[PDB]
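Undergrad: here come the first chain(s), positioned as in the complex:
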Amino acid sequence: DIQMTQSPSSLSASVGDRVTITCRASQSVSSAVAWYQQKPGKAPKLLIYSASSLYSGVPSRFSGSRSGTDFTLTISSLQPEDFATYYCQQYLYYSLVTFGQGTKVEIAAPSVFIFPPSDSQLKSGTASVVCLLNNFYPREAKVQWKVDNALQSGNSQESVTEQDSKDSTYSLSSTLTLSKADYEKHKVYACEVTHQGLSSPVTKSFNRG
Amino acid sequence: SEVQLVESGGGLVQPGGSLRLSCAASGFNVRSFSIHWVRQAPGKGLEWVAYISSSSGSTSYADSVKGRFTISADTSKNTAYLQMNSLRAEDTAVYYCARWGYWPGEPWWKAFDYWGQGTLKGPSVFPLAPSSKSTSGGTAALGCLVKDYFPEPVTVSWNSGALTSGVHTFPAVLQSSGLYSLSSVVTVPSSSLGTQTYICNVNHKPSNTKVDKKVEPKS
């Protein structure tokens, strides 16, 4: 087919600044590139049809440019209402329509909290304890569960979201799942966080009962 | 005055089975417009499924869906019917129906632009209480945990859509049993904990489950 090489897959850049998005087609397409802003989860919208022309109802800070094989979406004043997973896309013939892989722009120690399991969870036979890290940047961290000064391995999971709509940060949930017998044989539950922006690895604890 | 396109029929296919999707196109005709169908596999970019040209009935399937997919349309009440046989969990996607005009003209150059609202064992949701050692007039965290649902995902809302400030929902991580689970948290000022109640509302559409659960601080 006619593949479409996005550059980049994601980027991270400032408020108001000029941001370039390039795409190179893999063989000759005449003028048929459409560029799409893709918001988190809603209806997608068309920015650029016929590779340089604005859609009827799109702001004129964005523009497009064809130059042979090079197709480039230019963002002059990238406002805070403008971050997305952007798309070059060919529209040569209806059965050979290919997209781009996307261009993902998004527009301080993170607060920590702990969350014990409830009694209706404890009646079912499972014990799920949550350590939560909000509003941190960048993505690297060290979250460690401490059960009566002992280290665990392989029985916890982590979940990391996308960068935000306002301030491009991260949020993390570390979930430790155990049985009810392993919850009742021990008493102290703590989660500790090591991070670059925080001066000390913070430990937050609770006791059973 | 607007062209609008409504996507429906979303649910579960029994494993191995078939299902028919419906797109109702309100406001405009279908006999002078090709109608395409495009999905989004989640966490990824974009990936086109199939099309039908309703000027002659004719359709083109991708190399993923040849032998397995069959589209027709009704031109009376402006509807599109897409036939899905022997599916997979990489079909578990956001499905949109789409418009395209015909050659010649500027409406050929008008691409895909009318993109719809999209279609996609039952879960258990458990409340996540703030601690009693929170600071007076500061910042407290609360939430709800959804687990054990086939298939992925759930949709989580707060106070029937009245709260959009400070929400953080998460992508789900697969457990050892083949099951999915996530958590959803809200940061709040601590002075409104004894005045305003906070209810998580979780929907899981193939299991047809609606669940509301309130959260309170512990004592």
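TA: Nice, I can see it. Numbering: from 1, shown residues only, chains lettered A, B, ... in the order given.

Undergrad: wait, doesn't residue A:94 sit right on residue B:60?
TA: Yes - if you go by CB atoms under 8 Å, residue A:94 and residue B:60 touch, sitting 6.5 Å apart. All C-beta spots, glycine's among them, are computed from the backbone N, C-alpha and C.

Undergrad: could you tell me which residues touch both of those two?
TA: Shared between the contact lists of residue A:94 and residue B:60 (criterion: CB atoms under 8 Å, 6 or more residues apart in numbering or on different chains) are residues residue B:51.

Undergrad: and the residue in chain B sticking out farthest from the centre, how far from residue B:216?
TA: The outermost residue of chain B relative to its centre, with distances by CA atoms, centre = their mean, is residue B:136 at 39.5 Å. With the distance defined as CB to CB, to the nearest Å, residue B:136 ends up 18 Å from residue B:216.

Undergrad: domain-wise, how is chain B divided?
TA: According to curated CATH domains, chain B is divided into the following domains: B:4-109, B:124-215.

Undergrad: out of those domains, which is closest to residue A:128?
TA: The stretch from the domains of chain B with the least distance to residue A:128 (CB to CB) is domain B:124-215; that distance is 6.5 Å.

Undergrad: ok, back up a step: with distance to chain A as new columns, can the domains of chain B be given to me in a markdown table?
TA: Supplementary listing: the domains of chain B in a markdown table, determined by distance: least, CB to the nearest CB, whole Å:
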| stretch | distance to chain A |
| --- | --- |
| domain B:4-109 | 4 |
| domain B:124-215 | 4 |
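
Undergrad: out of those domains, which is closest to residue A:183?
TA: From the domains of chain B, taking CB to CB, the stretch that ends up closest is domain B:124-215, at 14.4 Å.

Undergrad: the closest one: end-to-end distance?
TA: Start to finish, the residues bounding domain B:124-215 are 15 Å apart (CA to CA, to the nearest Å).

Undergrad: likewise for stretch A:93-101?
TA: With CA to CA as the measure, the ends of stretch A:93-101 fall 19 Å from one another.

Undergrad: need the residues that contact that stretch.
TA: Residues lying outside stretch A:93-101 but in contact with it, judged by CB under 8 Å, 6+ apart, are A:1-4, A:6, A:9, A:23, A:86-91, B:34, B:36, B:45-48, B:51, B:53, B:60, B:100.

Undergrad: and then chain C:
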Amino acid sequence: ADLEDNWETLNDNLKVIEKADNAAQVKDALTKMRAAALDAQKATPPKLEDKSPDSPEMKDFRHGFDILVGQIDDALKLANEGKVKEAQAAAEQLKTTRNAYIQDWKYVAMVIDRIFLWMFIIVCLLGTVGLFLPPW
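TA: Chain C added:
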């Protein structure tokens, strides 16, 4: 781009689809035939260089390439069907539609005019030297 550079891809891709083997050999050369056709449609022929965009022949140029992509459009959806016959048999009208836009005698009577002035000035100068030179 250029008009005749697109016909440098449109000529050699037109003669390959006629007796070809498989359905992708129709389909790869038809993607070369469509994508060069729209870029030539944006262009300007050189004998009609000095006019307006809304001239009556320039629209008749620009709807005259709608016929050719529309007669690309006959053999497009048959080439999804795997028919080795019906692709090339419906694409025999492409050579007639290259004939209708050939848009050249008034330029070529400058080119044959100018080379004889650099041929007869050789003979008229060296002919007089070819007479008078052994007596002097």
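
Undergrad: again for the contacts of stretch A:93-101, chain C present now?
TA: In contact with stretch A:93-101 (CB under 8 Å, 6+ apart) are residues A:1-4, A:6, A:9, A:23, A:86-91, B:34, B:36, B:45-48, B:51, B:53, B:60, B:100, C:31, C:34, C:76, C:80.

Undergrad: sorry, back to before: and the closest residue to the residue farthest from the centre of chain B other than its chain neighbours, how far from residue B:217?
TA: With CB to CB, 6 or more residues apart in numbering or on different chains as the measure, residue B:190 is the residue that lies nearest to residue B:136, at 6.9 Å, once sequence neighbours are left out. Summarising the geometry, the distance separating residue B:190 from residue B:217, computed by CB to CB, is 9 Å.

Undergrad: ok, back up a step: quick check: phi and psi on the residue nearest to residue B:136?
TA: Taking degrees, to the nearest 10, you get phi -80, psi -10 for the backbone angles of residue B:190.

Undergrad: residue contacts, it?
TA: Residue B:190 is in contact with B:130, B:134, B:135, B:136, B:137, B:138, B:139, B:140, counting by CB under 8 Å, 6+ apart.

Undergrad: contacts for the helix or strand containing residue C:34?
TA: Assigned by DSSP states H and E, residue C:34 falls within helix C:23-41. Residues lying outside helix C:23-41 but in contact with it, judged by CB under 8 Å, 6+ apart, are A:2, A:27-32, A:92-93, A:96, C:1, C:3, C:6-7, C:9-10, C:13-14, C:16-17, C:20, C:61-62, C:65-66, C:68-69, C:72, C:75-76, C:79-84, C:87-88.

Undergrad: identify the residue spatially nearest to the closest residue to chain B within chain C, adjacent ones excluded.
TA: Closest approach between chain C and chain B, counting by CB to the nearest CB: residue C:66, at 4.5 Å. When the adjacent residues along the chain are set aside, residue C:66 lies closest to residue B:104, with 4.5 Å between them (CB to CB, 6+ apart).

Undergrad: quick revisit: tell me the contacts of the residue of chain C closest to chain B?
TA: Contacts were defined as CB under 8 Å, 6+ apart; by that measure residue C:66 touches B:103, B:104, C:41.

Undergrad: quick one: which of the residues you listed has the most company?
TA: Scoring these on neighbours with other CB atoms under 10 Å in any protein chain shown, the highest-scoring entry is residue C:41 at 19 neighbours.

Undergrad: name the residue of chain C that lies nearest to chain A.
TA: Taking CB to the nearest CB, chain C has residue C:38 as its residue nearest chain A, at 3.8 Å.
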